[PDB]
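Structure record follows, encoded as structure tokens.
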Amino acid sequence: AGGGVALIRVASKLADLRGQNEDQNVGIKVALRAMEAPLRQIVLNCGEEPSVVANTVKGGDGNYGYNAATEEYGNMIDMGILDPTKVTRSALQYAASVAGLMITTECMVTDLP
Amino acid sequence: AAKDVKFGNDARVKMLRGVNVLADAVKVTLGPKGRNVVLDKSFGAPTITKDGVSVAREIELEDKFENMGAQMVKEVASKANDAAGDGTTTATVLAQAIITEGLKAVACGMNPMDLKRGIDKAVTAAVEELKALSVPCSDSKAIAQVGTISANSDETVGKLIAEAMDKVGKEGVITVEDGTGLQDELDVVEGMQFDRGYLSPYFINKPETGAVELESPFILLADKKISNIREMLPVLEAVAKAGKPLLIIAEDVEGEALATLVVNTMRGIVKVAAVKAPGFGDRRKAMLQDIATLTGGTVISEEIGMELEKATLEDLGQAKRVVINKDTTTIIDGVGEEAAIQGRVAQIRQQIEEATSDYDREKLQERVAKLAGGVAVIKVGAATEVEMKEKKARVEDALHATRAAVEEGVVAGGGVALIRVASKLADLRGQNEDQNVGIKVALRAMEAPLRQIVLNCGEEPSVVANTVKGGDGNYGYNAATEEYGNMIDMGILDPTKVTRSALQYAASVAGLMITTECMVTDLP
Amino acid sequence: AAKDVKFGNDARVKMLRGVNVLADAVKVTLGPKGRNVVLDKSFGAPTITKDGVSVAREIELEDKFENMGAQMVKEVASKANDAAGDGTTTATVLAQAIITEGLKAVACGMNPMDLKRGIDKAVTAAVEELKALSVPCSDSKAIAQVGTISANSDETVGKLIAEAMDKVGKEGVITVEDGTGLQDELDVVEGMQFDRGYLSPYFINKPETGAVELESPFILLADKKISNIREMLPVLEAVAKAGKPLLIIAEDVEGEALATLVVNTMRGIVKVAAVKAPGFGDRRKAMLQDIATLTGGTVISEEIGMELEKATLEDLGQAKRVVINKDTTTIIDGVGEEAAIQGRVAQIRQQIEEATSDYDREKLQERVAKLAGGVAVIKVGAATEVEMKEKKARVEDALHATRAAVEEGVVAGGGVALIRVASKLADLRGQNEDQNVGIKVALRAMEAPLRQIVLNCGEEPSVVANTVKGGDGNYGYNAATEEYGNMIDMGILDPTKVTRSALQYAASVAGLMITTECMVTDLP
Amino acid sequence: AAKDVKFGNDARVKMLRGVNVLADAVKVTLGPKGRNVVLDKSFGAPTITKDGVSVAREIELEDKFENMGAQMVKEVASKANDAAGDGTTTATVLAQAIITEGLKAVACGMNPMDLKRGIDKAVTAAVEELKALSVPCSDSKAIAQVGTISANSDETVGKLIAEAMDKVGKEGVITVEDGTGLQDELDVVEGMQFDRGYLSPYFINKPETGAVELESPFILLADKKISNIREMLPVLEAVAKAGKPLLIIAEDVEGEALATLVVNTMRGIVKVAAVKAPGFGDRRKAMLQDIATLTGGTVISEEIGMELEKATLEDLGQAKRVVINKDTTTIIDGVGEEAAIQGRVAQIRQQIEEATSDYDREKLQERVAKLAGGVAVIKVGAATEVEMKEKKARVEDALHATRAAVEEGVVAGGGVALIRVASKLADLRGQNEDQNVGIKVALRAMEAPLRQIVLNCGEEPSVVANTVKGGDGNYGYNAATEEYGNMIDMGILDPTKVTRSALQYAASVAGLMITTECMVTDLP
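From first to last, the protein sequence lines are chains I, D, E and J.
For the first sequence, the residue numbers in the entry's author numbering are 413 to 525.
For the second sequence, the residue numbers in the entry's author numbering are 2 to 525.
For the third sequence, the residue numbers in the entry's author numbering are 2 to 525.
For the fourth sequence, the residue numbers in the entry's author numbering are 2 to 525.
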């Protein structure tokens, strides 16, 4: 399902996911909260409240989501708004990759101005 | 002195900046999850508080134009508190919301006069819709429930107020005093109340309530304007000997008489308070004699030929206690004889029969009701002094809220009554598009109190506001428990009078600021 | 005046900065290897001290917001000292630790209201766990041991306190005085104590203890509010002739009467002290007569018809000495006759038999216990005057610590009781993750006192804190000897009351600061 | 290079500032009472002009973001001029008006996407209403009248254009040339025109019209992409010997071939111009052979096996004159034989009969119409050379306006057609209130051209705009005579195409700027 609903749908299913310690648990929630950002941004550009739409999409199940073009809710696959699984997967993995590197960065070296 | 004059947008942004500083400082205290505000003092440690009235009082800004902005909204917000006993915070956040979106619409290019008219129409409609939503508070069961809720789920306070109102009536006079032991008391005494406050703020010796309180005072009664204190000298010196305070009930106290009394009391030479006599014209002189018979004194009028220089302690009336608000004076337990008081009631009660006019009849009925009705005196008891003072505070606040509930009923609390009303007026329109915007500005502003409460809880205001609007009636969001449901059943309610007053006073000043094109003040 | 208003993070970092300056200045004195703090004076040489109370008192910052921060925590920290007799330093370091990690968690994005609730739950649990760890202090052997430890291993002080408490009881009144020779003394005299402190700080003539001390004073007793000093003139002039100080026990002393007395005493014309009468209501008037019979004077009430203008030296009661704390007044060796006092005891003891209610019975038992119980008077002897003053100080401090030990027992000292308790609450959770963080913030903060003590020794706090947590019970690190072992056996212990009070008062203000969103103060 | 990035309001006010500087500079020239604009030059005296196109061209701002604003609107405004032959000034004032009120509404808090959609709906409706108001221009009487009005009331110019269009048809090709005497001429010759402009601006040798003009040129025809100039060397050197210019009609000319030709022509070694071949795919190769037969040359394709290195002057086609616009190429009086041309027409005319598809039939009809239709050549005569050049300019401008009138008719001039249309769409609404505002923004913007014209006259725009709206049809304000009346009868009219194009292109860029949230440019 497109319009960033696949990410928020997946994120809602992993509420019980935990790690080996509390810092890892926070790391999990940081990632799950971040998966709402694409949808929330799309909704913000429409001029609607992201919190309200994100909350409504999470309440539903499956490919239910918010059609940003028509500003109506419904099945995103039936409405013809979909991304290839490869682009959503790649986008998430590559985003998380660099975020992990920057989070674990303690030093930077560059030329003087 | 030379002035600084600003115009239009340049002047409006200054006021907006000013009211934002006041509103933002006050609105953090709103709701059950309200935040603390630390108010500094010159001596000692700072005051930590969640009281929006206490916070508001301190707010004064350096920028002259910004200050004017804040002081304008702050004045009308306190009138809501004087009228209904609550809603300073609520009125300040409502004012901010109307002003912010209003002044934005003025910069948009829309007509300020139409924006104001649209806001006023939306408020007028909202107040009527608010009365429909209002649940009455008639029987003494409901009076107890409202008093109980207002005193933080203390059934003893609701019991006290219900019993007190049962004695002297719903519109009767009730006063709270310090107890003399563990158990509470309730006594009816010869007393009176009239709508005339103190003539100067510097008579106040109880800054918490903001009222003058004199114990075992003498009461001077004079049908005349006291401008000079030279006439008062023989009276004031006679009062000072017995070691008791004084209450001046005259036509007025102006200039040098008022200024000298303020200096004498503030330094602490002789305790005194000055108030105007009730009413005006002929009925003023009639009501002055009611007080004289009640307190057991004598009226000193220039007409008959009696001077203040020749007055003595015997002419002065007396009582056990008196209380004076910004716009109220109360006399508790008068020394006057029962024969004289009952005799005066018989005179006025006969005049009701002889009365030809209705207006004449109605005013005579008010004079006997004040005199023959008396005053209820609740004495709050507790185990220790700290518990007695804390309980007494909850009784006074519950008594104010209960009165307002009895007058105009109660509505759903936590700012849901305003958003409920606002959702019902979606189809409300005006004469033109600028007025239509003015209406929507007002309806959007009515969500601000709830949205603020929800923000202080740490939840998303949009989500909660949207859910409350979806429902009907007294359905709302309980900010304390963070659960939805019927707000009246859950025991979260405001008197209709406080919500109404808060909205009307907020919209009043917002309308004035929106329609302001010029500001004048002294140079820095 | 115009105000400076700050909000949220901007306001919180100001308070954090302020409490850090206070805490860092005070916490260097903590522990047996505590460091010196040099406090400057305008005249003479500076004061070198290791007393956190003396250091704290001086702390005032230039930045208005930072000062507010420091003055907030400083107020509640001194309440722990007033309640338990010790723990200002400990409360200040605990407050800093909770605030630092708390305000960090607020910047993190976590809910301040949940953080506070988690802290409070952790403290409530910690206090219960602290009571379990507490070793009682019942018999007079244990009372001597605690007094001995508190007086720096002086067995003579423990012997004195044990014998004193054996005379008047555990909850009885004990006072320390200057000796008249080498050998110590202990005498029981007709006296009383009640929970009413001085009405103004400027009556204090002993700034070390911070208390009013009057020798051979007269005692005025009046059942009335004394607002004007005009009524006191004939009494004050009569007192001045005999050349003795005065004690005012009235309902209250307000405004001009209080202000004028403060000026007269401070200049040094006539020595006077003012205190409220004990209790309130009807029992206040009963307890005023207990003092009158004890001191051998007469009550001056307006009800019977007695005025302060007509009072004479014969009506005034008298004693040998009186002491007045921030919230306590003590009367030592009253002049009143044995026949009158024993007669008054017989009256009240008969009323206990006639008492229908339990509450009425319990208060009557308190009045006879105060009156018939008397006051123990320890007179500390020594060879020279310097040794007598130094010993007397150790007796007073040991007496405060011993009292607190008798009330709530003793726990392991050197900050190990807090870390021991904290290790036991690892599994403690709340309703949500923000509360869980709040709990861990509090549990981590309980290590701060020990970690600070270890830091002053020059050892690694992490290593010692880790080793203490590994052990069980009263096992801990002796900071003096730098050896591990049983802290109670090694003679390093705090009264449970001081550790409890320090933690609760520290957590109180930390909770308030964490939940603060706005600050208001005057412009610089 | 490092970039300067701005967002939202901060970025929008920069664009608004930029388009205001362009618009204000250009809009002073609008109307018959238009004001002069002095454009500076590095050498010689400045240029005084009332041409908004000339003024616009010069506008470039220092601030990078402001410049972007101006350069955006300036690009789309010139497209209206390229399409319809007029309306750069009009489009710039319309753009300013939509942008100013649009960006204001964005700062209001309204949705930019809805504002744009409302504007577009208003324009779509306006264009349809504009077509209804449009008076057709069909017969040759009306064609003369429009040409006469466009040439400043010169009936000789209208006569020339009417006769020219009567010869080659309404959609036929017409060209203007310098006369050879006093009397005018009109001749039809073998020629063609196709929609392919110059490949680089630096071929332009007539900067007034902004077009390439070559006299007695050779014409190279190649069915290939010419990237390298190494292949052209034997051809270019052969052309240089005869002392004549060259026209390159290839598939494309890219990179080094184009860059080297631009340098060679600009320095003035050999005159050359490069253009793409008409169409694409198979029909491109067909139309290249039409030109070869017309001009009397040979096509050089890689498919058959012919190289540009082996090409000679005989293979090159030839004509008397050629003209090349930004997006048009015209070939005038081809050398090709009448037998070959008529033979080629017979071939394609037979293919129309053999054509199975409609699309195939329609495109074959276009090829014969271009080839067999020919080109009209108006030669403008006058007494002196100064009069001949001035008249020739008026003929070309009148020919552009007449063309546009024949295509889509004519509407009332002086900006009254826009305000007339705008008054008819008062009831037009959208899906929500933000779209409704977007509609009104567009309708209010349509008054700007008239209001500007009236302002330049020195009259009050509000008064005139209000009077024109009150009337109906083609009633309007004649800015030249300062009298009201029927604008079509008074001889003040624009082609419907220029008013339509100006409005659509203005609304296009305004919609883009309104919906812009970010800007990126190089640092200063």
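Note that the Cβ used here is the ideal one computed from N, Cα and C, for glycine as well.
Going by C-alpha positions, J:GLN319 is about 11 Å away from J:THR299. Cα atoms of J:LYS207 and J:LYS34: separation of roughly 29 Å, rounded to the nearest angstrom.
Shown here, E:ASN479 sits in a strand according to DSSP, grouped into three states. Annotated as proximal: D:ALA251 and D:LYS225, with beta-carbon spacing under 9 Å.
With contacts defined as CB atoms closer than 9 Å, E:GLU448 and E:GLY416 qualify as a contacting pair.
Under the DSSP assignment, E:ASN10 falls in the alpha helix (DSSP H) whose first and last residues are 9-28.
The beta carbon of I:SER424 does not come within 9 Å of any beta carbon belonging to chain D, so the residue lies off that interface. In the three-state DSSP reduction, E:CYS519 falls in the strand class (E or B). It is roughly 39 Å from the alpha-carbon of J:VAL455 to the alpha-carbon of D:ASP5. Here the C-alpha atom of J:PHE195 lies approximately 7 Å from the C-alpha atom of J:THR331.
Taking the Cβ atoms as the reference, E:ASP185 lies roughly 7 Å from E:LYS380, within the contact range of under 8 Å. J:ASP334 is outside the set of residues whose beta carbon lies under 9 Å from a beta carbon in chain I. Chain-order list of chain D residues neighbouring I:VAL469: empty, with the shortest C-beta distance near 13 Å, by a criterion of under 7 Å. Residue-level contact check: D:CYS109 touches chain J, since one or more beta carbons of chain J fall below 9 Å from its beta carbon.
Among the residues facing chain D, E:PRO496 is not included, as its CB has no counterpart in that chain under 9 Å away. When the five nearest sequence neighbours on each side are left out, the beta carbons in the same chain lying within less than 6 Å of the beta carbon of E:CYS458 are those of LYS34, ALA480, in order along the chain.
The region 366-377 of chain J and the region 171-181 of chain J touch, with three or more beta-carbon pairs separated by less than 8 Å.
The criterion of a C-beta distance shorter than 9 Å is not satisfied by E:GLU304 and E:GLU232. With fewer than three CB-CB distances shorter than 8 Å, the region 98-113 of chain J does not count as touching the region 388-402 of chain J. With a threshold of 9 Å between beta carbons, D:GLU408 makes no contact with chain I.
For J:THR266 against J:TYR199, the beta-carbon gap comes to about 11 Å, at or over 8 Å, which does not count as contact. E:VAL94 sits close to E:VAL27, with the two beta carbons spaced by under 9 Å. Within the region 108-131 of chain J, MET111, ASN112, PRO113, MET114, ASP115 place their CB atoms closer than 9 Å to a CB of chain I, listed in sequence order.
Under the three-state reduction of DSSP, E:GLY32 is assigned to coil, being neither helix nor strand.
For the set E:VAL14, E:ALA133, E:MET16, E:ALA278, the Cα lying nearest the Cα of E:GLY474 is the one of E:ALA133. Here J:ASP523 has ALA2 as same chain residues with Cβ atoms under 6 Å from its own Cβ, once five neighbours each way along the sequence are excluded. Within chain D, the residues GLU461, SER463, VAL464, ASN467 have their CB atoms less than 9 Å from the CB of I:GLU461, given in chain order.
Pairing E:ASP115 with E:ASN433 gives a Cβ-Cβ distance under 9 Å. Contact between E:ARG452 and E:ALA466 holds, since their C-beta atoms are separated by about 6 Å, short of 8 Å. The beta-carbon distance between D:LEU247 and D:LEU221, rounded to whole angstroms, is 6 Å. This is short enough to meet the 8 Å contact definition.
About 6 Å separates the CB atoms of J:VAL412 and J:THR500; that is less than 8 Å, so the two are in contact. Annotation for D:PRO496: no alpha helix (DSSP H) segment contains it, though the beta strand (DSSP E) segment containing it runs 494-496.
Bounds of any beta strand (DSSP E) do not take in J:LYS42, whose DSSP letter is neither H nor E.
Under the 10 Å beta carbon count, J:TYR360 is surrounded by fewer than 16 other beta carbons and is classified as exposed.
Taking a cut-off of 8 Å for Cβ pairs, the region 227-241 of chain E and the region 262-279 of chain E touch, as three or more such pairs fall below it. Any Cβ of chain J closer than 9 Å to the Cβ of D:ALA106 would place that residue at the interface, and such an atom is present.
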